[PDB]
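Presented below, as structure tokens, is a lone chain in the form deposited in one PDB entry.
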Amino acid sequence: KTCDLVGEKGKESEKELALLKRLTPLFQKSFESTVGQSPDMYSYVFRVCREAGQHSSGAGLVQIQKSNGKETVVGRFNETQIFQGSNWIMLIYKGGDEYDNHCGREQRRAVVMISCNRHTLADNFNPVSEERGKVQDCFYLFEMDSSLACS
């Protein structure tokens, strides 16, 4: 139902658990951004610890192909990692759908950099880039502003 962290119950990081708690105000929200040019125009939908897709795939972030409405899971919230810096929070969703001919067929992953902005609880969700040219450790990068990242 919500984000799952590495480690069995009772062995998860208290630091990560506390950060999930801090981001709770964003759980019911949904963020979207359409980018790219044909034939690769995509609509990215992102949610914090909740289903972002339409197929109960457990997606935390999905990539919708505008051409046919096909949905590709970029990252699943059942594989969440979250940590903070002085004025930012990085949220990572691993376990997305596998690449077909890139990154050794590695499962996609979403990396979201949340920057401190005292004037908004959440705003400016924006796809930044996709690294698909490595033998491993590929990822989609996104950015967003949130006062919850301020310390």
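By rigid core we mean the largest C-alpha set that fits within 1.5 Å across both forms. Quick note: we count residues from 1 along the sequence shown, nothing fancier.
Beyond what is shown, the protein has a form deposited in another entry; the following relates to that form.
Relative to the superposed core, residue 22 undergoes a Cα shift smaller than 2 Å between the shown form and the other one.
Once the cores line up, the CA of residue 140 ends up less than 2 angstroms apart between the shown form and the other one. Residue 50 shows a C-alpha shift below 2 Å between the shown form and the other one [criterion: core-superposed Cα displacement of 2 Å]. In the other form, the CA atoms of residue 81 and residue 136 sit farther apart than in the displayed form, by at least 3 angstroms. Annotation for the pair residue 106/residue 38: C-alpha atoms recede from each other in the other form, by 3 Å or more compared with this form.
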